[PDB]
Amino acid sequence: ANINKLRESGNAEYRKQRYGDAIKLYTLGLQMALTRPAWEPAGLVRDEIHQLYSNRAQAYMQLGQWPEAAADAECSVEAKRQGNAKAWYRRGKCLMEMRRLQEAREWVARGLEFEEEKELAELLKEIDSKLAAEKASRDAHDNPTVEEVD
């Protein structure tokens, strides 16, 4: 599992803000992870893959492209469902930036059931706050059936 090395190299490039190169190194790590024969034990490389996906998602976000990052984050969560709060966060935020608020809400709400609520929970709070903002505008737009009696 010397793929760790590659991740670290990518990690280096991440701090230098040259995120593209970090993406490439993370990607190489992933390929070195995914090209193992099917009959090799998979867990060792499992943890590493959750890490590689999460980190590549963050770099991708720094580049401002959300679909890729959401995908990567989701793969990270699929490789590690619990203990991986950052990945939950990143997919949530991506969904928010893609104006996909409801699904973001669902996602974070799930993540929190698993976990650290601090990062995630303010993220969630912010999500249903934004949601409130929309609901308000929707009412004003056309100007109450619930009170009405049939």
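Don't overthink the numbering: it's just position in the shown sequence, from 1.
Unmodelled residues of the deposited sequence between residue 103 and residue 104: none, the chain being continuous. Coordinates are lacking for 1 to 3 deposited residues between residue 143 and residue 144. As recorded in the PDB entry, 55-63 is the stretch of 55-63 and 27-35 with the greater mean C-alpha temperature factor. The question of which stretch, 10-18 or 128-136, has the higher mean Cα B factor is settled in favour of 128-136. Residue set 42, 121, 87, 49: peak C-alpha B-factor at 121 (per PDB entry). Ranked by Cα temperature factor within the chain, residue 81 sits in the middle third according to the deposited record.
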